[PDB]
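Chemist: Experimental coordinates follow, after the sequence.
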Amino acid sequence: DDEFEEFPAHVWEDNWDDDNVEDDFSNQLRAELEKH
Amino acid sequence: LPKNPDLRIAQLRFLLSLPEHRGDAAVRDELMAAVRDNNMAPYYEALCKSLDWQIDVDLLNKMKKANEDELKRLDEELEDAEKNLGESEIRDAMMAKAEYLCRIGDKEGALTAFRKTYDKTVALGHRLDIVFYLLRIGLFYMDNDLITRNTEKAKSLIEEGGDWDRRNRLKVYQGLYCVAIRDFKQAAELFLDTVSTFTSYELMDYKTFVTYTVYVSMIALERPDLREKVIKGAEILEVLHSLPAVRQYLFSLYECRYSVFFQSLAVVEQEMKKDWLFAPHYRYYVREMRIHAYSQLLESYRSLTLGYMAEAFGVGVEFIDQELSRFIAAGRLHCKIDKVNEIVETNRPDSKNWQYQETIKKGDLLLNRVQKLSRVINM
Amino acid sequence: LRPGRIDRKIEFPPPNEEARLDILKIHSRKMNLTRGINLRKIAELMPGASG
Amino acid sequence: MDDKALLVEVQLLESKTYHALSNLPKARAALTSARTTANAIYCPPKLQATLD
């Protein structure tokens, strides 16, 4: 068909929430139980 | 089938290639024991290159010479078979050679030899065995392209004629690959279909396979299917008697005991970070299981106070507030927080409202397709 | 039974353990047989048995 | 070999261990095998009571 040449040119379905950087859940829960 | 290569080798190597676990020397002793036993000079060289290890020339030379002599004698036997024996034994000679290349760790040579053996051989069973060796090499080296190509080859062979035993072994291979590529739904299906007849002891012992089935089933199956096929599974309960922690995890989720559930999920996260096949899935799996626990708790409530949620999950109130806010913002929970007077309202959609929204979405998709087709054709 | 009315007469003896192996294969084709299962042994175990 | 009474007792123990391990279908299979073997020999009152 037409080409817009006039404008120059993990197998996964990854998610945004996966890119967050935070401590391991084990560490988080350990700290929570420790302080409560 | 034989352990070739022992995927325990890859497990040890990966588990070693991790911070805070390098040079514990137990992993190193195990891996060196196996490498010396099977005379893996090339894999040893690759490991030294990867991990920047003090190469022991004294033993490396011995392994090299043993491997060279083995290769030469195998090749001489193969040539003798060509000169005297017929195809029926020439195939066995090539097959044994390729097996030895896999044992030592000559990846490309082993693949070439197996391709030649596959081309030569006509027996359907031996073709399946070759394809399964290729699939095991693919799993060992985590080359997704080879793994998928040989999975398709195995499926094509089974359609062209196969048997129940190879069908189950292929099912276990497919489930392992799905777990590798984060397809926990299909992994759950395959693992539960092959749980009662696990024969592939070359990949992992029945206990490890059952732990994988439990984990994948918990993350992929709804509550009814989970109760019907895991909590009421004879062959899973039989092994969970031996495994007391996996049982506590699964039953803490099922019996709505959530503090114990988070404890078990933390230990599962650690175990499954250490694991080699699930390693690039521990964050996602923990997140999804936390979302499942939150949705399960809120499934039977119209307004749940944050204090009660925190006490139920054995955490603080800030922790639950932060997690709930994150997942609601991401769109994974049907609940709205209310912090001035801490309460978690439950805005689940009615059946008719959900039906209307689904109709809007599907109709929008279909109407876009119809519009595109009409504009393509009317001109 | 006179020829011309019944020109040919075909007897159907019970299978001779080789026909029995054949029948076992025919009727087990649509079946999930485990490895190490010996339809030849079953055929031997079935003497004088019909299809 | 012989001592089908001992065979019945061992099959009953297999069924009982399956029941204790929660593998109920296998426990029932072992029980049915034990009953099939038991209804071919003399079952003393104790063995019959255990089977029942």
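Modeler: Received, thanks. Numbering: from 1, shown residues only, chains lettered A, B, ... in the order given.
Chemist: Now residue 18. Nearest residue, chain neighbours left out?
Modeler: No chain in the question, so chain A it is. Ranked by Cβ to Cβ, 6 or more residues apart in numbering or on different chains and with sequence neighbours excluded, the top spatial neighbour of residue A:18 is residue B:284, at 5.9 Å. For every residue, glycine as well, the C-beta is placed using N, CA and C.
Chemist: actually it's chain D I care about, not the one you picked
Modeler: residue D:27 (3.4 Å).
Chemist: okay, now that neighbour: neighbour count?
Modeler: Residue D:27: 20 surrounding residues under other Cβ atoms under 10 Å in any protein chain shown.
Chemist: Wait, it touches residue D:13, no?
Modeler: No - using Cβ atoms under 8 Å, residue D:27 makes no contact with residue D:13, being 11.0 Å away.
Chemist: Could you say which helix or strand holds residue B:344?
Modeler: strand B:343-345 (DSSP states H and E).
Chemist: who does that strand pair up with?
Modeler: The strands beside strand B:343-345 in its sheet (DSSP bridges) come out as strand B:303-304 (antiparallel), strand B:336-338 (antiparallel).
Chemist: can you list the residues of chain B near chain C?
Modeler: Residues of chain B lying close to chain C by Cβ under 8 Å from any Cβ of the partner chain are B:163-165, B:167.
Chemist: Mind checking which of these are buried?
Modeler: For those, a burial check counting by 16 or more other Cβ atoms under 10 Å in any protein chain shown picks out B:163, B:165, B:167.
Chemist: so what's the second one closest to, chain neighbours aside?
Modeler: Translated: residue B:165. Nearest residue to residue B:165, sequence neighbours excluded (Cβ to Cβ, 6+ apart): residue C:35, at 4.1 Å.
Chemist: count of neighbours near that neighbour?
Modeler: By the criterion of other Cβ under 10 Å, residue C:35 has 10 neighbours.
Chemist: Residue B:162 versus that one, what's the distance?
Modeler: Distance from residue C:35 to residue B:162, counting by Cβ to Cβ, to the nearest Å: 12 Å.
Chemist: Repeat that for residue B:91.
Modeler: 20 Å.
Chemist: what does residue B:269 give?
Modeler: In terms of Cβ to Cβ, residue B:269 sits 38 Å off from residue B:162.
Chemist: Any idea how many residues pack against the residue in chain D positioned nearest to chain A?
Modeler: Nearest residue of chain D to chain A, counting by Cβ to the nearest Cβ: residue D:22, 29.9 Å away. Applying other Cβ under 10 Å, we find 18 residues neighbouring residue D:22.
Chemist: which one is it nearest to, not counting chain neighbours?
Modeler: residue B:237 (3.9 Å).
Chemist: Do I have it right that that neighbour meets residue D:20?
Modeler: No - if you go by Cβ under 8 Å, residue B:237 and residue D:20 don't touch, sitting 11.1 Å apart.
Chemist: Neighbour count for these two, which is higher?
Modeler: Legend: neighbour count by other Cβ under 10 Å for residue B:237 and residue D:20, higher for residue B:237 (18 against 11).
Chemist: could I get stretch B:286-298 in PDB with only the CA atoms?
Modeler: The C-alpha coordinates for stretch B:286-298 follow below in PDB (Å, rounded to 0.1, in the frame of the first residue of the first chain):
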ATOM      1  CA  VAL B 286       5.100 -11.700  44.800                       C
ATOM      2  CA  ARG B 287       3.200  -8.700  43.500                       C
ATOM      3  CA  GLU B 288       0.500 -10.800  41.900                       C
ATOM      4  CA  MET B 289       0.100 -13.000  45.000                       C
ATOM      5  CA  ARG B 290      -0.200  -9.900  47.100                       C
ATOM      6  CA  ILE B 291      -2.900  -8.600  44.800                       C
ATOM      7  CA  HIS B 292      -4.700 -12.000  44.900                       C
ATOM      8  CA  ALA B 293      -4.700 -11.900  48.700                       C
ATOM      9  CA  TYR B 294      -6.000  -8.300  48.800                       C
ATOM     10  CA  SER B 295      -8.700  -9.100  46.200                       C
ATOM     11  CA  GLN B 296      -9.600 -12.300  48.200                       C
ATOM     12  CA  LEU B 297     -10.000 -10.400  51.400                       C
ATOM     13  CA  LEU B 298     -12.100  -7.600  49.800                       C
END
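Chemist: quick one: buried residues of that stretch?
Modeler: For stretch B:286-298, by 16+ other Cβ under 10 Å, it's B:286-294, B:297-298.
Chemist: Would you list the phi and psi of the residue of chain C found nearest chain A?
Modeler: Residue nearest to chain A within chain C (Cβ to the nearest Cβ): residue C:32, separated by 31.6 Å. The phi/psi pair for residue C:32 (degrees, to the nearest 10) reads phi -90, psi 80.
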